[PDB]
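S.K.:
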Amino acid sequence: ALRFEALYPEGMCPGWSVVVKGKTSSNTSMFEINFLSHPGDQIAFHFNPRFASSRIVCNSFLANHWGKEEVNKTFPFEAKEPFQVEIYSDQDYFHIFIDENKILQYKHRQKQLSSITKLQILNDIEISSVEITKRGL
Amino acid sequence: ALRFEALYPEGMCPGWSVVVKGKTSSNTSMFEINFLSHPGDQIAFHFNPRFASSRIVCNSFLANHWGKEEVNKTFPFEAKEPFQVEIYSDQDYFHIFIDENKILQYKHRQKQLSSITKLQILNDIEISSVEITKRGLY
Numbered sequence: 003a004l005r006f007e008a009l010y011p012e013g014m015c016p017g018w019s020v021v022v023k024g025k026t027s028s029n030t031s032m033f034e035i036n037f038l039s040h041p042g043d044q045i046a047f048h049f050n051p052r053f054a055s056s057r058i059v060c061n062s063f064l065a066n067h068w069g070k071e072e073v074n075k076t077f078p079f080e081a082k083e084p085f086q087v088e089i090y091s092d093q094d095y096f097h098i099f100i101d102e103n104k105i106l107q108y109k110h111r112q113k114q115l116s117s118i119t120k121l122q123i124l125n126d127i128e129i130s131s132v133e134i135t136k137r138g139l
Numbered sequence: 003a004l005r006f007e008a009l010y011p012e013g014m015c016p017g018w019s020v021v022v023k024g025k026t027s028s029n030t031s032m033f034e035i036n037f038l039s040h041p042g043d044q045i046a047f048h049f050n051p052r053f054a055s056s057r058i059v060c061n062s063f064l065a066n067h068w069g070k071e072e073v074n075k076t077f078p079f080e081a082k083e084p085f086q087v088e089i090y091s092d093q094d095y096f097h098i099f100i101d102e103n104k105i106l107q108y109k110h111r112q113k114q115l116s117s118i119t120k121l122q123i124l125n126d127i128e129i130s131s132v133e134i135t136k137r138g139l140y
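Protein chains in written order, with the authors' numbering: chain B, 3 to 139; chain A, 3 to 140.
(1) Taking 6 angstroms as the limit between beta carbons, can you name the residues of its chain near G24 of chain B, skipping five residues before and five after?
(2) So what does DSSP say about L115 of chain B, is it helix, strand or coil?
(3) Determine, using beta carbons only, whether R52 of chain B comes closer than 9 angstroms to chain A.
(4) Express the C-alpha separation of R5 of chain B and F33 of chain B in angstroms, rounding to a whole number.
(5) Indicate the three-state DSSP secondary structure (helix, strand or coil) for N66 of chain B in the structure shown.
(6) Quick one: what does DSSP say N50 of chain B is sitting in, helix, strand or coil?
(7) Which partner residues does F96 of chain A have in the DSSP bridge list?
(8) In chain order, what residues of the same chain lie with their CB nearer than 6 angstroms to the CB of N50 of chain B, ignoring the 5 residues before and after it?
(9) Let me see if you follow: with CB-CB separation under 9 angstroms, is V59 of chain B close to chain A or not?
(10) Tell me, please, whether the region 80 to 89 of chain B touches the region 61 to 70 of chain B by the rule of three or more beta-carbon pairs shorter than 8 angstroms.
(11) Go through its chain and collect everything with a Cβ distance to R111 of chain A's Cβ below 7 angstroms, but skip five positions before and after it.
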């Protein structure tokens, strides 16, 4: 289920911060935040907290398939408790901060960062706020 | 051209704030912020600062035509300089602020507030931030 999507045709990578605040209703479900590139809606970065297993799965969906999963055991989420996820990209990585602490970085596989124009948030997250802000200046 | 669009299928009206920061590139063009209703991306609320004449036009496209234009008495914007515009909706109005100071209110003409699922930003605005936030105690 699509919960939120933003489109910024000039490109939201690198140099933009994305802050998502909300909470997850179920202790067994999951949500994802995807950064998509044009053309073809390829997933440059897929950030997928899985509450049933208490893992964050990250990957990219390029050339119509997933690549190698990067699985992180740092899981700063609890069902029904508000959280804040901040994502920023520089020339080389996506950086994830959760409740103000650094969690992981994900190295770019899609190098056409400026073609990343869409932010998509799916599944079990009740969104209270999305903020997208230019920082690379 | 389209500068930004956001979609929240659960309906971003009423009880949501939208905060847009940016500046114009030209001294004499215009930009607009539209709230769009589902289905059909219909223009429930159109907010159009026009820098050539220094007028803000607000309107809706309903029943197949643009309604009566509401032209604001003042124009607090300056071209080529950062600004912060906030739009908040309750049961009766869109409320518009600049630098957190209320500019105008626009009475809802589209009554299907829950069907307003898209925020669209067009034309001469170099966006630096968009924030869309649910009001906690509505």
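For every residue, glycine included, the Cβ atom is placed at its ideal position computed from N, Cα and C.
M.R.: On the basis of the supplied data:
(1) Excluding residues up to 5 positions away in sequence, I127, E128, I129, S130 lie with their Cβ nearer than 6 angstroms to the Cβ of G24 of chain B in the same chain.
(2) DSSP, reduced to helix, strand and coil, places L115 of chain B within a helical segment of the structure shown.
(3) For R52 of chain B, the answer is no, since every Cβ of chain A falls outside 9 angstroms of its Cβ.
(4) C-alpha of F33 of chain B to C-alpha of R5 of chain B: approximately 10 angstroms in a straight line.
(5) DSSP places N66 of chain B in coil when its eight states are reduced to three.
(6) Strand, per DSSP.
(7) Answer is A:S91, A:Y108, bridged to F96 of chain A.
(8) Taken in chain order, the residues that qualify are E34, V59.
(9) The C-beta of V59 of chain B comes no closer than 9 angstroms to any C-beta of chain A.
(10) The region 80 to 89 of chain B, when compared against the region 61 to 70 of chain B, does not touch it at the 8 angstroms Cβ threshold.
(11) For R111 of chain A, where only same-chain residues beyond five positions count, the Cβ hits under 7 angstroms are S62, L64, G69.
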